[PDB]
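Shown here is one chain on its own, the form deposited in one PDB entry, set out as structure tokens.
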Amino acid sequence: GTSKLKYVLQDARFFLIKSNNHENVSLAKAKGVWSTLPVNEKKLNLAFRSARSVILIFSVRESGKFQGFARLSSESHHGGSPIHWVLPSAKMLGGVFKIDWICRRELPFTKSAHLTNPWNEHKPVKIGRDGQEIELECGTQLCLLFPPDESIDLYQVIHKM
């Protein structure tokens, strides 16, 4: 069902993540981590302290789709490991956030054409730069459009909250 998902999304904040390649999204799905540029790392660290859930909604550039969404489980941390990101430098991708995936399924942009983002001039929610915040109502509805991911149990995510 969608009840636990709605509970996780309650009062959440949402950010669009735009990746240049599929490989880093695949690596993020396998290892539960994400890294971004310092402008956005600063924004996400602020958001993580400010909200019960911070949701990253991923889209690979030129794919015409979102590739899923995940909840931040930590602020960014340095050292830890050298993630083999297919770097589009490595020093700008230090700072690793831990993330718990909520949905690893794809959603085509054609399915979100009815959703506009107030924080980006009411452009369709697919439009935005890496790090663009998505207002609560639009982000909630976007996440609810994804196909359910029955391989994921939200019970442990609710306990992180």
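The term rigid core refers to the maximal set of C-alpha atoms that superpose within 1.5 Å between the two forms. Residue numbers run from 1 along the displayed sequence. Residues that one form lacks are left out of the comparison.
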Can you count, per the entry, how many deposited residues between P88 and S89 come without coordinates? Answer none, 1 to 3, 4 to 9, or 10 or more.
-> 1 to 3
With B-factors read from the PDB entry, the higher C-alpha mean of 19-27 and 135-143 is in 19-27
Selected stretch [higher average CA B-factor]: 31-39 or 103-111 | 31-39
Compared with the other modelled residues in the chain, in which third is the CA B-factor of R129?
-> middle
By the record's CA B-factor, is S53 among the lowest, middle or highest third of residues in the chain?
-> middle
When the modelled residues of the chain are sorted by Cα temperature factor, does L93 land in the lowest, middle or highest third?
-> highest
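As for the form deposited in another entry, it is not shown, yet the points below apply to it.
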Would you indicate which listed residue, out of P124, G32, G64, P38, moves its Cα by 2 Å or more between this form and the one not shown relative to the superposed core?
-> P38
Cα distance between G79 and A28, which in that other deposited form differs by 3 Å or more from this form, closer or farther | closer
Relative to the form shown here, do the C-alpha atoms of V39 and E121 sit closer together or farther apart in that other deposited form, given a change of 3 Å or more?
-> farther
Spell out which consecutive segments of 3+ residues have Cα shifts of at least 2 angstroms at every position between this form and the one not shown, with the rigid core used for superposition.
-> 37-40, 78-81, 91-94
